[PDB]
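Just the one chain here, the form deposited in one PDB entry, laid out as structure tokens.
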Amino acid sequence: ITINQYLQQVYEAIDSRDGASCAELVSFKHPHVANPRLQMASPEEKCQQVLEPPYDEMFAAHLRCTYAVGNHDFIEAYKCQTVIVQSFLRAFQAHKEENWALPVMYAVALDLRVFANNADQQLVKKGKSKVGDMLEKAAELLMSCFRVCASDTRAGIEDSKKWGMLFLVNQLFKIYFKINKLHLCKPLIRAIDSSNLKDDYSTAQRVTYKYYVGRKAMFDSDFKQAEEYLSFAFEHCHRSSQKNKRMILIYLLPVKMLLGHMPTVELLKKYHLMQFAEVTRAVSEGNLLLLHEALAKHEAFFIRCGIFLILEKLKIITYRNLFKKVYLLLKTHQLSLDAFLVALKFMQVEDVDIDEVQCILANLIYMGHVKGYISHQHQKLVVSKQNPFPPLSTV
């Protein structure tokens, strides 16, 4: 296909206000990238003489960018994509009370982020810069896009640019989850909640937003909200995209286990997350030795997933289950602390003394896991006649 035909198609799509065709002609998912005729070095004259600005600069930059990616010049590709996003945002804020060009943004925005990653990887291979150099600039550009999309308050909701909000937020989250900067997600999370379209977005963007917010809440020890979000993200996830469902389970399992819900063996085997299996078997049993062995054996996987320190908080649940087992076996409301000391020594915990047992029981009672009090003079934990160990859901 000659570049004249491509320019004519671009002009027809722009003049007809058809977002889908214009987005296709500028997105790298389209096969036209692979066309050798399309890739050219300096097609700026053709774009200038065919398309009015700022579309001319945007599409000339896109053509040189596809040439660069054909030559694998990812730094030049990222620079050209930044030029594309700037010119398109100018032409996008140009539109008044119309969001025909909303799909275009999506494609363009996505491409930028992807290129940024490769750019950073290139700078890792070249050794010039560190990791995340271009990702912050990518996040800045996407934040400008988000501001433009959220500024459209006067226009009617049918043709407002607010519909292009959540997608951009999701993109930002990805960057903010690759450079390990969670705090920057704080404004966006409220910005979505302020909008009245919090539930009117597409299913994919809503699911991605719920998953990211659930991850942030879990990392902030907000397991109730984290469960409320990740359950929705995992329930509404697309069946075809199994990788996303597994990634959501990776962060939903610790929250459910901390709140007292244990995954079945079938769920772990189905999604190939067998690494949790033994861990689960410990927590529901009160086996501290098994929990330590399973956390050490799968230490690398949990360290990579970033949930090792969240997983280690299951030791409190393991303590509660072990002490509940001791209470059930002894069948007495007034339990000598030496019984819990014996149980702890059975789990091969290093240098356990009665003082550590008292400390663990005091922490459990303070946290609400146990309803009782430890008489120190007699060294006896007196537990309640009714509801000695309340269910983990209420705690």
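Just count from 1 along the sequence shown to find any residue number. Superpose the two forms; the largest set of C-alphas matching within 1.5 Å is the rigid core.
Omitted from view is the form deposited in another entry, to which the following refers.
Chemist: Does the C-alpha of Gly70 move 2 Å or more between this form and the one not shown once the rigid core is lined up?
Modeler: No, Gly70 moves less than 2 Å.
Chemist: Following rigid core alignment, is the displacement of the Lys324 C-alpha between this form and the one not shown equal to or greater than 2 angstroms?
Modeler: Yes.
Chemist: Core-aligned, is the CA shift for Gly19 between this form and the one not shown 2 angstroms or more?
Modeler: The answer is no, as the C-alpha of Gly19 shifts between this form and the one not shown by less than 2 Å after core alignment.
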